[PDB]
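File shown here: my_file.txt, holding compact mmCIF, C-alpha atoms and all ligand atoms.
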# COMPACT_ATOMS: atom_id res chain seq x y z
CA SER A 14 25.92 44.96 -20.21
CA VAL A 15 24.31 41.68 -19.07
CA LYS A 16 24.25 40.76 -22.78
CA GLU A 17 28.03 41.32 -22.80
CA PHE A 18 28.68 39.26 -19.67
CA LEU A 19 26.43 36.39 -20.75
CA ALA A 20 28.02 36.23 -24.23
CA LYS A 21 31.48 35.66 -22.73
CA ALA A 22 30.03 33.27 -20.11
CA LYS A 23 28.59 31.14 -22.93
CA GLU A 24 31.92 31.11 -24.81
CA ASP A 25 33.60 29.89 -21.60
CA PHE A 26 30.86 27.30 -20.92
CA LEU A 27 30.79 25.95 -24.50
CA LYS A 28 34.50 25.05 -24.47
CA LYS A 29 34.20 23.07 -21.24
CA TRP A 30 30.88 21.53 -22.34
CA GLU A 31 32.48 20.16 -25.53
CA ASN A 32 35.67 19.05 -23.69
CA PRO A 33 34.71 18.00 -20.14
CA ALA A 34 37.32 17.55 -17.41
CA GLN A 35 37.73 13.92 -16.24
CA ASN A 36 39.54 12.04 -13.45
CA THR A 37 40.97 15.05 -11.60
CA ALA A 38 41.37 13.44 -8.17
CA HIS A 39 41.30 10.17 -6.23
CA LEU A 40 39.36 9.07 -3.11
CA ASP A 41 42.56 8.44 -1.12
CA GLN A 42 43.39 12.18 -1.42
CA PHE A 43 40.48 13.10 0.88
CA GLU A 44 39.74 12.57 4.55
CA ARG A 45 36.08 11.81 5.16
CA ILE A 46 34.59 13.89 7.99
CA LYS A 47 30.77 13.96 8.09
CA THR A 48 27.66 13.15 6.00
CA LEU A 49 25.79 16.40 5.20
CA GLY A 50 22.86 14.76 3.37
CA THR A 51 21.62 11.44 2.06
CA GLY A 52 18.90 10.08 -0.20
CA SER A 53 19.17 9.10 -3.86
CA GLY A 55 23.11 9.57 -3.38
CA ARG A 56 24.85 11.13 -0.37
CA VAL A 57 27.03 14.19 0.33
CA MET A 58 29.96 14.27 2.79
CA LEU A 59 32.23 16.94 4.24
CA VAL A 60 35.79 16.03 3.29
CA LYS A 61 39.26 17.57 3.69
CA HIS A 62 41.66 17.67 0.75
CA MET A 63 44.93 16.67 2.43
CA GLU A 64 47.24 18.37 -0.11
CA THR A 65 45.75 21.83 0.47
CA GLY A 66 43.84 21.28 3.73
CA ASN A 67 40.81 22.73 1.93
CA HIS A 68 37.36 21.54 2.95
CA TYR A 69 34.90 20.47 0.26
CA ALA A 70 31.52 18.78 -0.07
CA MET A 71 31.82 15.44 -1.89
CA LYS A 72 28.75 13.86 -3.56
CA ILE A 73 29.07 10.08 -3.75
CA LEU A 74 26.83 8.07 -6.09
CA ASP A 75 26.62 4.26 -6.16
CA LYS A 76 26.78 3.34 -9.88
CA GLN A 77 24.61 0.23 -9.45
CA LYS A 78 21.93 2.21 -7.60
CA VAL A 79 22.00 4.87 -10.35
CA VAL A 80 21.37 2.23 -13.03
CA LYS A 81 18.41 0.80 -11.04
CA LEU A 82 16.80 4.22 -10.65
CA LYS A 83 17.23 4.77 -14.44
CA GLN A 84 19.29 7.91 -13.71
CA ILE A 85 22.38 7.17 -15.85
CA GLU A 86 21.79 9.98 -18.38
CA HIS A 87 20.69 12.48 -15.70
CA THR A 88 23.89 11.73 -13.72
CA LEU A 89 25.97 12.23 -16.86
CA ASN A 90 24.09 15.53 -17.37
CA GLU A 91 24.80 16.62 -13.80
CA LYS A 92 28.58 16.14 -14.01
CA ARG A 93 29.06 17.51 -17.55
CA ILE A 94 27.07 20.64 -16.74
CA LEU A 95 28.60 21.32 -13.32
CA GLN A 96 32.20 21.00 -14.55
CA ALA A 97 31.35 23.57 -17.28
CA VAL A 98 29.48 26.31 -15.39
CA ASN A 99 30.85 29.22 -13.36
CA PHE A 100 28.62 31.61 -11.44
CA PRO A 101 28.78 33.10 -7.93
CA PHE A 102 25.59 31.38 -6.71
CA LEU A 103 26.34 27.87 -8.03
CA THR A 104 28.28 25.23 -6.11
CA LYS A 105 31.49 24.91 -8.11
CA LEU A 106 32.72 21.46 -9.21
CA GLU A 107 36.38 21.34 -8.10
CA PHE A 108 37.14 17.69 -8.92
CA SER A 109 35.41 14.55 -10.20
CA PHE A 110 36.42 10.91 -10.46
CA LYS A 111 35.07 7.38 -10.22
CA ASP A 112 36.26 4.01 -8.94
CA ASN A 113 34.97 0.42 -9.28
CA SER A 114 31.78 1.14 -7.31
CA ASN A 115 31.11 4.90 -7.11
CA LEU A 116 30.99 8.26 -8.88
CA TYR A 117 32.43 11.30 -7.09
CA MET A 118 31.84 15.06 -7.45
CA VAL A 119 33.80 17.39 -5.18
CA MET A 120 32.35 20.86 -4.73
CA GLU A 121 32.84 24.04 -2.75
CA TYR A 122 31.67 23.62 0.88
CA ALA A 123 28.94 25.90 2.27
CA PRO A 124 29.09 25.71 6.09
CA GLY A 125 25.92 27.80 6.63
CA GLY A 126 23.73 24.73 5.93
CA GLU A 127 20.52 24.37 3.89
CA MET A 128 18.00 27.24 3.65
CA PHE A 129 15.41 24.60 4.52
CA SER A 130 16.89 24.28 8.04
CA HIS A 131 16.94 28.02 8.73
CA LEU A 132 13.52 28.61 7.13
CA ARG A 133 11.75 25.89 9.13
CA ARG A 134 13.41 27.06 12.35
CA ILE A 135 12.65 30.78 12.06
CA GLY A 136 9.20 29.99 10.58
CA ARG A 137 9.09 32.50 7.74
CA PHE A 138 11.39 35.14 6.22
CA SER A 139 10.68 38.87 6.01
CA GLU A 140 9.92 40.14 2.49
CA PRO A 141 13.35 41.83 2.39
CA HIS A 142 15.05 38.61 3.59
CA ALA A 143 13.10 36.61 0.98
CA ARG A 144 13.82 39.21 -1.72
CA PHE A 145 17.56 38.95 -1.06
CA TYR A 146 17.54 35.21 -1.78
CA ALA A 147 15.03 35.40 -4.66
CA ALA A 148 17.25 37.89 -6.53
CA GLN A 149 20.17 35.47 -6.48
CA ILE A 150 17.88 32.75 -7.86
CA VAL A 151 16.70 35.16 -10.58
CA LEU A 152 20.30 35.92 -11.65
CA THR A 153 21.30 32.23 -11.48
CA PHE A 154 18.39 31.18 -13.71
CA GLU A 155 19.14 34.03 -16.12
CA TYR A 156 22.67 32.61 -16.39
CA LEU A 157 21.56 28.97 -16.62
CA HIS A 158 18.82 29.61 -19.19
CA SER A 159 21.25 31.67 -21.32
CA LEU A 160 23.33 28.48 -21.64
CA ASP A 161 20.18 26.50 -22.63
CA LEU A 162 20.19 24.82 -19.20
CA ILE A 163 16.96 23.96 -17.42
CA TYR A 164 17.43 23.32 -13.68
CA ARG A 165 14.25 21.51 -12.47
CA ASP A 166 15.21 21.01 -8.76
CA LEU A 167 14.50 24.35 -6.98
CA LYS A 168 13.61 24.01 -3.29
CA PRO A 169 14.97 25.20 0.08
CA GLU A 170 16.55 21.74 0.57
CA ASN A 171 18.77 22.47 -2.46
CA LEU A 172 19.92 25.99 -1.48
CA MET A 173 23.03 26.21 0.72
CA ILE A 174 24.00 29.35 2.69
CA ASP A 175 27.69 30.35 2.48
CA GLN A 176 29.79 32.02 5.20
CA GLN A 177 28.74 35.44 3.87
CA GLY A 178 25.01 34.55 3.95
CA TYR A 179 24.65 34.42 0.14
CA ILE A 180 23.22 31.24 -1.42
CA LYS A 181 24.57 28.43 -3.59
CA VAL A 182 22.15 26.49 -5.80
CA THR A 183 23.10 22.81 -5.58
CA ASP A 184 21.90 19.38 -6.82
CA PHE A 185 22.07 19.39 -10.63
CA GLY A 186 20.76 15.82 -10.90
CA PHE A 187 17.82 16.98 -13.07
CA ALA A 188 19.68 19.75 -14.93
CA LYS A 189 19.74 19.32 -18.70
CA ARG A 190 20.95 21.23 -21.75
CA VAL A 191 17.91 21.40 -24.03
CA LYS A 192 16.76 23.82 -26.73
CA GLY A 193 12.99 23.48 -26.99
CA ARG A 194 10.74 21.11 -25.11
CA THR A 195 11.34 18.14 -22.81
CA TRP A 196 9.19 15.53 -21.09
CA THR A 197 10.80 13.89 -18.09
CA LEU A 198 8.61 13.67 -15.01
CA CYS A 199 10.99 14.90 -12.32
CA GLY A 200 11.13 17.34 -9.45
CA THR A 201 9.52 17.65 -6.03
CA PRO A 202 5.70 17.49 -5.64
CA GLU A 203 5.21 20.95 -4.03
CA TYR A 204 7.36 22.59 -6.74
CA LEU A 205 6.04 20.87 -9.92
CA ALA A 206 4.57 23.18 -12.58
CA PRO A 207 1.10 22.26 -13.93
CA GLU A 208 2.61 21.30 -17.34
CA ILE A 209 4.69 18.60 -15.69
CA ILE A 210 1.84 17.11 -13.67
CA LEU A 211 -0.33 17.00 -16.83
CA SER A 212 2.39 15.16 -18.83
CA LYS A 213 2.74 17.96 -21.34
CA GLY A 214 6.04 18.79 -22.96
CA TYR A 215 7.55 21.71 -21.07
CA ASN A 216 10.36 24.24 -21.05
CA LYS A 217 12.32 26.59 -18.76
CA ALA A 218 9.01 28.22 -17.64
CA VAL A 219 8.82 25.40 -15.06
CA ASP A 220 11.85 27.00 -13.33
CA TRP A 221 10.10 30.39 -13.08
CA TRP A 222 7.03 28.66 -11.63
CA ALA A 223 9.30 26.95 -9.08
CA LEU A 224 10.65 30.40 -8.12
CA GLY A 225 7.06 31.38 -7.37
CA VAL A 226 6.66 28.42 -5.03
CA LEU A 227 9.97 29.26 -3.32
CA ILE A 228 9.21 32.96 -2.75
CA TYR A 229 5.79 32.06 -1.42
CA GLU A 230 7.20 29.38 0.92
CA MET A 231 10.02 31.67 2.12
CA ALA A 232 7.62 34.53 2.86
CA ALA A 233 4.69 32.48 4.24
CA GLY A 234 6.67 29.71 5.98
CA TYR A 235 4.71 27.02 4.14
CA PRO A 236 4.23 26.20 0.45
CA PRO A 237 1.23 27.46 -1.60
CA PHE A 238 0.12 23.88 -2.29
CA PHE A 239 0.47 21.29 0.47
CA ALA A 240 -1.30 18.12 1.70
CA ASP A 241 -0.26 14.78 3.20
CA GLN A 242 -0.05 12.92 -0.14
CA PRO A 243 1.44 14.06 -3.51
CA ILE A 244 -1.82 13.23 -5.39
CA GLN A 245 -3.67 15.70 -3.17
CA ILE A 246 -0.92 18.29 -3.80
CA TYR A 247 -1.22 17.79 -7.59
CA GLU A 248 -5.00 18.40 -7.49
CA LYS A 249 -4.35 21.78 -5.82
CA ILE A 250 -1.61 22.84 -8.26
CA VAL A 251 -3.80 22.14 -11.31
CA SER A 252 -6.90 23.74 -9.68
CA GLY A 253 -5.94 27.29 -10.69
CA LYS A 254 -6.37 28.81 -7.21
CA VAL A 255 -3.84 30.16 -4.69
CA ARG A 256 -4.37 31.95 -1.36
CA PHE A 257 -1.92 34.41 0.16
CA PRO A 258 -1.48 35.21 3.87
CA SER A 259 -2.98 38.53 4.98
CA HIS A 260 0.56 39.75 5.74
CA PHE A 261 1.67 39.47 2.08
CA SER A 262 2.19 42.90 0.47
CA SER A 263 0.19 43.84 -2.62
CA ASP A 264 3.37 43.82 -4.71
CA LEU A 265 4.27 40.32 -3.52
CA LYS A 266 0.80 38.93 -4.24
CA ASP A 267 0.99 40.39 -7.78
CA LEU A 268 4.49 38.99 -8.44
CA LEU A 269 3.33 35.55 -7.30
CA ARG A 270 0.08 35.57 -9.31
CA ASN A 271 2.27 36.18 -12.38
CA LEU A 272 4.96 33.59 -11.50
CA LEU A 273 2.34 31.00 -10.42
CA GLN A 274 0.40 31.42 -13.67
CA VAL A 275 -1.09 28.22 -15.16
CA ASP A 276 -1.32 30.17 -18.47
CA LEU A 277 2.15 29.96 -20.12
CA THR A 278 1.45 32.99 -22.36
CA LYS A 279 1.03 35.12 -19.21
CA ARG A 280 3.70 33.52 -16.96
CA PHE A 281 6.52 35.87 -16.03
CA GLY A 282 9.91 34.73 -17.32
CA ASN A 283 8.12 33.06 -20.28
CA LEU A 284 6.84 36.25 -22.01
CA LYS A 285 8.45 38.22 -24.86
CA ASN A 286 10.49 40.35 -22.43
CA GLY A 287 11.60 37.26 -20.46
CA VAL A 288 13.42 37.79 -17.15
CA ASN A 289 13.14 41.59 -17.29
CA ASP A 290 9.42 41.22 -16.43
CA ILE A 291 10.56 39.74 -13.12
CA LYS A 292 13.55 42.08 -12.65
CA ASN A 293 11.48 45.23 -13.29
CA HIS A 294 8.58 44.19 -11.07
CA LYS A 295 7.83 46.62 -8.23
CA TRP A 296 8.62 43.99 -5.56
CA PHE A 297 12.29 44.08 -6.71
CA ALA A 298 12.29 47.92 -6.92
CA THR A 299 14.96 48.31 -4.20
CA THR A 300 17.07 45.49 -5.68
CA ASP A 301 20.44 46.54 -7.05
CA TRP A 302 20.96 43.57 -9.39
CA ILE A 303 24.65 44.27 -10.06
CA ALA A 304 25.24 44.72 -6.30
CA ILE A 305 23.61 41.32 -5.67
CA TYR A 306 25.83 39.77 -8.35
CA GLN A 307 28.92 41.45 -6.87
CA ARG A 308 27.79 40.50 -3.33
CA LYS A 309 28.13 44.10 -2.09
CA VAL A 310 24.73 43.88 -0.36
CA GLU A 311 24.68 43.08 3.38
CA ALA A 312 23.27 39.62 4.06
CA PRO A 313 20.12 39.83 6.23
CA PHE A 314 21.30 36.66 8.02
CA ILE A 315 24.88 35.38 8.39
CA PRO A 316 25.62 31.89 9.76
CA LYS A 317 27.54 31.55 13.04
CA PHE A 318 31.28 31.27 12.35
CA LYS A 319 33.11 28.41 14.05
CA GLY A 320 35.95 26.21 12.67
CA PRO A 321 36.45 25.95 8.86
CA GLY A 322 35.08 22.38 8.77
CA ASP A 323 32.35 23.00 11.36
CA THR A 324 29.07 21.17 10.74
CA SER A 325 26.65 22.52 13.40
CA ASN A 326 24.39 24.15 10.79
CA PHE A 327 23.88 20.65 9.34
CA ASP A 328 21.78 17.78 10.71
CA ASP A 329 23.27 14.46 11.81
CA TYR A 330 22.97 11.48 9.49
CA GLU A 331 24.03 7.89 10.07
CA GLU A 332 27.57 7.28 8.76
CA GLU A 333 27.80 4.32 6.36
CA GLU A 334 31.00 2.97 4.77
CA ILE A 335 32.30 3.98 1.36
CA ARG A 336 32.63 0.48 -0.08
CA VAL A 337 34.75 -0.07 -3.20
CA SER A 338 34.33 -3.45 -4.96
CA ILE A 339 37.37 -5.26 -6.37
CA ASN A 340 35.36 -5.65 -9.59
CA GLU A 341 34.44 -2.74 -11.86
CA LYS A 342 30.72 -2.02 -12.00
CA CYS A 343 28.87 -0.39 -14.88
CA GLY A 344 32.03 0.76 -16.72
CA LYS A 345 30.30 1.14 -20.10
CA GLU A 346 27.41 3.13 -18.64
CA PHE A 347 29.68 5.77 -17.07
CA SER A 348 32.63 5.76 -19.51
CA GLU A 349 32.40 9.53 -20.16
CA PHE A 350 32.19 10.41 -16.44
CA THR B 5 -4.81 28.33 10.85
CA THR B 6 -2.98 27.38 7.63
CA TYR B 7 0.33 27.44 9.53
CA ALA B 8 -1.12 25.03 12.15
CA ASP B 9 -2.37 22.72 9.41
CA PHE B 10 1.07 22.77 7.77
CA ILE B 11 3.01 22.01 10.97
CA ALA B 12 0.61 19.14 11.74
CA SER B 13 1.06 17.72 8.19
CA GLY B 14 3.46 14.96 7.15
CA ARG B 15 5.29 17.29 4.72
CA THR B 16 7.30 19.62 7.02
CA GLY B 17 10.50 17.58 6.71
CA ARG B 18 12.86 17.34 3.74
CA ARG B 19 10.94 16.49 0.62
CA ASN B 20 12.19 13.74 -1.65
CA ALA B 21 12.28 14.19 -5.41
CA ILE B 22 10.02 12.08 -7.63
CA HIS B 23 10.58 10.38 -11.01
CA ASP B 24 9.23 7.52 -13.13
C1 LIG C 1 27.60 21.10 -2.51
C2 LIG C 1 27.61 21.54 -1.09
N1 LIG C 1 28.51 22.47 -0.64
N2 LIG C 1 28.35 22.72 0.69
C3 LIG C 1 27.33 21.92 1.08
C4 LIG C 1 26.85 21.16 0.01
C5 LIG C 1 25.73 20.21 0.04
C6 LIG C 1 25.29 19.67 1.24
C7 LIG C 1 24.22 18.80 1.27
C8 LIG C 1 23.56 18.46 0.09
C9 LIG C 1 22.39 17.51 0.11
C10 LIG C 1 21.06 18.21 -0.08
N3 LIG C 1 21.02 19.14 -1.25
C11 LIG C 1 23.99 19.01 -1.11
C12 LIG C 1 25.06 19.87 -1.13

Represent the structure of the file as C-alpha cells.
Ligand SMILES: Cc1n[nH]cc1-c1ccc(CCN)cc1
Amino acid sequence: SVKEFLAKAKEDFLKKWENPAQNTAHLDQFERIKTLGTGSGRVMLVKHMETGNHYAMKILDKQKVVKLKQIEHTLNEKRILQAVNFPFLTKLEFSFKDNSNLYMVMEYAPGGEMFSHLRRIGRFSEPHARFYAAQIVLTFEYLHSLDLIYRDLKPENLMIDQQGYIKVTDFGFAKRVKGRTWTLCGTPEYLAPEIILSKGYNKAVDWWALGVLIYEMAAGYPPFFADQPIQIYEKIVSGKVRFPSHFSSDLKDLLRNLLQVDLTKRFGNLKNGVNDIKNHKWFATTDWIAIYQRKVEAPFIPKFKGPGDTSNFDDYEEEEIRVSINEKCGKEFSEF
Amino acid sequence: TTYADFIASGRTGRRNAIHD
C-alpha cells in the first residue's frame, strides 16, 4: 500500500530529522566546474575528486543570508534535505560550512531546468505535461505525509535527469509545520490567494501551485501574468481564469478544482485529499506505481554527452568562492 | 493573442522569489 510505504518513509525521515548529518565533506575535496544558476545563493557543477562523481553544489554566503533574514529558512532547507529520500527529489549527498559560506552538495541533473525546455518548445502536450505533473503529485504526497510544505514550485525549480524524469529542487522555503503558517514567500505567478491576502495558510498552497504549473506547462504561459507583481496579484485574487481553446475538458475541470480560491472545494485540501487529484479523469491513463518506479517512457529525454556536460544549462558569470580568514555568523549557523 | 502578449511581457525569463 501507499499507506505502508509512507509509514516506513516517515520512520526513516524522523530519525534523520531528529539527528541531522553535519560536516560530511570539505570544499578542497571538490573541483569547481561551472555555475548552473545564481540569485539569492548560487549553484555550481563540481567533481568529487575521490570518486570522480559529478554533483551540484549550492553555495550560500552566510552574511548575505543574515541580511535577507533567511537564517531559519536556510536551516530548514538543510535539515529537511538531509532527511528526505524520494526518487523525484534532489538528494543531499554532503553538507559543510567554512568561515564565509554554507555548502549543500546534491545529485546532478544534466538535463537542465524544465523552464529552459518549456520556454524553448513553447508548450507541452497534455501527455507530456501529465507525465511531469504525476511526479509532482507523488512528491507532494510524500512531502505532506512528513508534515513538509514546499512553497517553491515552478519550472525554474524542476530539473530533468538523464532519463527525462524530474527532480524537485530548491528547498529554501520548505518547512516542517503541522497546522498553519504565515510567511510571505514564493514566486508571484505561483502564489495562492491566501498568501497574497496575508491569511494563515497550509499545504493547500502547494496544490494551487500545481495548478499554475500544469496550466503553464500545457498553455506555454501562466494563468496569471502581467509586467508587475501587483498586477499579477490583482488577477490571482479576482476569481477568474481563462483556458486556451486547445485545453481538453478534463484538463479545464482539473485546473478549476486546483485553482480554487475556495479552500473547502480545492482539490488536495478536501476530505479525500490527494486521491481527488489521483482519481481525476485527466490522470486516468496514469499508472502511479509505474511513475514511481520510473517504468514509464519519458516523452522527452535530454541529449547525452559527457557526464559533466552543461549544454542544457545557461551560461552565468563565474565569480570567486571567497573564504574569509575570520569566521562569520558562527552562532547563527551552529547547527548547520 | 495571449501567447503574443506573454512573449512581449517582461516576465518570460526566470522569475525571482519574493519575501518580506
Ligand atoms: C540540485 C541540482 N542538481 N542538478 C542540477 C541542480 C540545480 C541546478 C540549478 C539550480 C538553480 C535553480 N533552481 C538548482 C539546482

Next item on the list: Could you give me, as an MDAnalysis selection string, every polymer residue with an atom at most 7 Å away from an atom of ligand LIG 1 (chain C), counting all atoms listed in the file?
Entry: chainID A and resid 49:51 56:57 69:70 104 120:124 126 170:173 183:184

How would the residues just picked look written out with C-alpha atoms as a compact mmCIF listing (two decimals), in the frame of the given file?
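And here is the file that came out, out-v9.txt:
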# COMPACT_ATOMS: atom_id res chain seq x y z
CA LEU A 49 25.79 16.40 5.20
CA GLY A 50 22.86 14.76 3.37
CA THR A 51 21.62 11.44 2.06
CA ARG A 56 24.85 11.13 -0.37
CA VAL A 57 27.03 14.19 0.33
CA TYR A 69 34.90 20.47 0.26
CA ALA A 70 31.52 18.78 -0.07
CA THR A 104 28.28 25.23 -6.11
CA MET A 120 32.35 20.86 -4.73
CA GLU A 121 32.84 24.04 -2.75
CA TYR A 122 31.67 23.62 0.88
CA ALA A 123 28.94 25.90 2.27
CA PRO A 124 29.09 25.71 6.09
CA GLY A 126 23.73 24.73 5.93
CA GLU A 170 16.55 21.74 0.57
CA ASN A 171 18.77 22.47 -2.46
CA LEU A 172 19.92 25.99 -1.48
CA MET A 173 23.03 26.21 0.72
CA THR A 183 23.10 22.81 -5.58
CA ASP A 184 21.90 19.38 -6.82

I'd like a table as CSV: residues in chain A with an atom no more than 9 Å from chain B, each row giving the shortest atom pair and its distance in Å to one decimal, all atoms listed in the file counted, sorted by chain and rising residue number.
residue,atom,partner,partner_atom,distance
A:52,CA,B:20,CA,7.8
A:53,CA,B:20,CA,8.7
A:82,CA,B:24,CA,8.6
A:83,CA,B:24,CA,8.6
A:129,CA,B:18,CA,7.7
A:133,CA,B:16,CA,8.0
A:166,CA,B:21,CA,8.1
A:168,CA,B:19,CA,8.9
A:169,CA,B:18,CA,8.9
A:170,CA,B:18,CA,6.6
A:197,CA,B:23,CA,7.9
A:198,CA,B:23,CA,5.5
A:199,CA,B:23,CA,4.7
A:200,CA,B:21,CA,5.3
A:201,CA,B:21,CA,4.5
A:202,CA,B:22,CA,7.2
A:203,CA,B:19,CA,8.6
A:233,CA,B:7,CA,8.5
A:234,CA,B:7,CA,7.6
A:235,CA,B:10,CA,6.7
A:236,CA,B:10,CA,8.7
A:239,CA,B:10,CA,7.5
A:240,CA,B:13,CA,6.9
A:241,CA,B:14,CA,5.4
A:242,CA,B:14,CA,8.3
A:258,CA,B:6,CA,8.8

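Distance-wise, CA of residue 229 (chain A) and CA of residue 265 (chain A) end up 8.7 Å apart.
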
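Close contacts of residue 331 (chain A), defined as residues with an atom at most 9 Å away when counting all atoms listed in the file, with chain neighbours fewer than 2 positions off set aside, comprise residues 48, 329 and 333 of chain A.
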
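Pairwise distance (CA of residue 34 (chain A), CA of residue 78 (chain A)) equals 23.8 Å.
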
Next item on the list: Quick one: everything within 8 Å of region 44-47 of chain A, counting all atoms listed in the file, minus sequence neighbours fewer than 2 positions away in the same chain. Send it as a count of residues only.
Entry: 11

Checklist line | Point-to-point distance in Å for CA of residue 105 (chain A) and CA of residue 93 (chain A) | finding: 12.2 Å

Note to self: Just want the 12 Å neighbourhood of residue 228 (chain A), counted on only C-alpha atoms, with same-chain residues fewer than 6 positions away dropped. Output as JSON, numbers by chain.
What the structure shows: {"A": [132, 137, 138, 139, 140, 141, 142, 143, 144, 145, 146, 147, 148, 149, 150, 151, 167, 168, 169, 204, 221, 222, 234, 235, 236, 237, 257, 261, 265, 266, 268, 269, 270, 272, 273, 296]}

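You can rank A:40, A:251, A:209, A:95 by their closest distance to residue 194 (chain A) using only C-alpha atoms, and at the top of that list sits A:209.
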
Checklist line | Contacts of residue 341 (chain A) within 12 Å, all atoms listed in the file, excl. fewer than 4 positions in-chain, as a list in words | finding: residues 75, 76, 77, 111, 112, 113, 114, 115, 116, 337, 345, 346, 347 and 348 of chain A

Could N, CA, C and O atoms be built for region 334-348 of chain A and written out as a PDB file, in the frame of the given file?
ATOM      1  N   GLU A 334      29.723   3.137   5.479  1.00  0.00           N
ATOM      2  CA  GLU A 334      31.000   2.970   4.770  1.00  0.00           C
ATOM      3  C   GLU A 334      30.954   3.463   3.323  1.00  0.00           C
ATOM      4  O   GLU A 334      29.892   3.496   2.701  1.00  0.00           O
ATOM      5  N   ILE A 335      32.111   3.856   2.799  1.00  0.00           N
ATOM      6  CA  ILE A 335      32.300   3.980   1.360  1.00  0.00           C
ATOM      7  C   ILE A 335      32.941   2.677   0.922  1.00  0.00           C
ATOM      8  O   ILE A 335      34.136   2.474   1.124  1.00  0.00           O
ATOM      9  N   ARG A 336      32.137   1.784   0.355  1.00  0.00           N
ATOM     10  CA  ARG A 336      32.630   0.480  -0.080  1.00  0.00           C
ATOM     11  C   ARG A 336      33.056   0.548  -1.544  1.00  0.00           C
ATOM     12  O   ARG A 336      32.324   1.080  -2.382  1.00  0.00           O
ATOM     13  N   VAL A 337      34.240   0.016  -1.835  1.00  0.00           N
ATOM     14  CA  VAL A 337      34.750  -0.070  -3.200  1.00  0.00           C
ATOM     15  C   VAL A 337      35.006  -1.538  -3.564  1.00  0.00           C
ATOM     16  O   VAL A 337      35.917  -2.169  -3.023  1.00  0.00           O
ATOM     17  N   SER A 338      34.195  -2.068  -4.477  1.00  0.00           N
ATOM     18  CA  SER A 338      34.330  -3.450  -4.960  1.00  0.00           C
ATOM     19  C   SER A 338      35.684  -3.662  -5.641  1.00  0.00           C
ATOM     20  O   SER A 338      36.314  -2.715  -6.126  1.00  0.00           O
ATOM     21  N   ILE A 339      36.126  -4.915  -5.678  1.00  0.00           N
ATOM     22  CA  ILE A 339      37.370  -5.260  -6.370  1.00  0.00           C
ATOM     23  C   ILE A 339      37.087  -5.424  -7.863  1.00  0.00           C
ATOM     24  O   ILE A 339      38.004  -5.460  -8.680  1.00  0.00           O
ATOM     25  N   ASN A 340      35.805  -5.516  -8.205  1.00  0.00           N
ATOM     26  CA  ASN A 340      35.360  -5.650  -9.590  1.00  0.00           C
ATOM     27  C   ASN A 340      34.720  -4.355 -10.079  1.00  0.00           C
ATOM     28  O   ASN A 340      33.971  -3.720  -9.339  1.00  0.00           O
ATOM     29  N   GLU A 341      35.009  -3.967 -11.318  1.00  0.00           N
ATOM     30  CA  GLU A 341      34.440  -2.740 -11.860  1.00  0.00           C
ATOM     31  C   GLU A 341      32.968  -2.950 -12.195  1.00  0.00           C
ATOM     32  O   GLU A 341      32.600  -3.943 -12.824  1.00  0.00           O
ATOM     33  N   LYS A 342      32.144  -1.996 -11.764  1.00  0.00           N
ATOM     34  CA  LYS A 342      30.720  -2.020 -12.000  1.00  0.00           C
ATOM     35  C   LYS A 342      30.364  -0.965 -13.029  1.00  0.00           C
ATOM     36  O   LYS A 342      30.861   0.163 -12.978  1.00  0.00           O
ATOM     37  N   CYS A 343      29.505  -1.343 -13.971  1.00  0.00           N
ATOM     38  CA  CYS A 343      28.870  -0.390 -14.880  1.00  0.00           C
ATOM     39  C   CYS A 343      29.860   0.521 -15.614  1.00  0.00           C
ATOM     40  O   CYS A 343      29.587   1.692 -15.806  1.00  0.00           O
ATOM     41  N   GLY A 344      31.000  -0.026 -16.033  1.00  0.00           N
ATOM     42  CA  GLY A 344      32.030   0.760 -16.720  1.00  0.00           C
ATOM     43  C   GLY A 344      31.538   1.437 -17.981  1.00  0.00           C
ATOM     44  O   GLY A 344      31.760   2.643 -18.170  1.00  0.00           O
ATOM     45  N   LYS A 345      30.882   0.656 -18.843  1.00  0.00           N
ATOM     46  CA  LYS A 345      30.300   1.140 -20.100  1.00  0.00           C
ATOM     47  C   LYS A 345      29.323   2.289 -19.887  1.00  0.00           C
ATOM     48  O   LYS A 345      29.336   3.272 -20.623  1.00  0.00           O
ATOM     49  N   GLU A 346      28.462   2.142 -18.888  1.00  0.00           N
ATOM     50  CA  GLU A 346      27.410   3.130 -18.640  1.00  0.00           C
ATOM     51  C   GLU A 346      27.992   4.507 -18.303  1.00  0.00           C
ATOM     52  O   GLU A 346      27.449   5.530 -18.720  1.00  0.00           O
ATOM     53  N   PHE A 347      29.099   4.522 -17.561  1.00  0.00           N
ATOM     54  CA  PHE A 347      29.680   5.770 -17.070  1.00  0.00           C
ATOM     55  C   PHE A 347      31.059   6.089 -17.656  1.00  0.00           C
ATOM     56  O   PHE A 347      31.819   6.877 -17.082  1.00  0.00           O
ATOM     57  N   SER A 348      31.348   5.533 -18.831  1.00  0.00           N
ATOM     58  CA  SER A 348      32.630   5.760 -19.510  1.00  0.00           C
ATOM     59  C   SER A 348      33.028   7.240 -19.589  1.00  0.00           C
ATOM     60  O   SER A 348      34.162   7.598 -19.269  1.00  0.00           O
TER      61      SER A 348
END
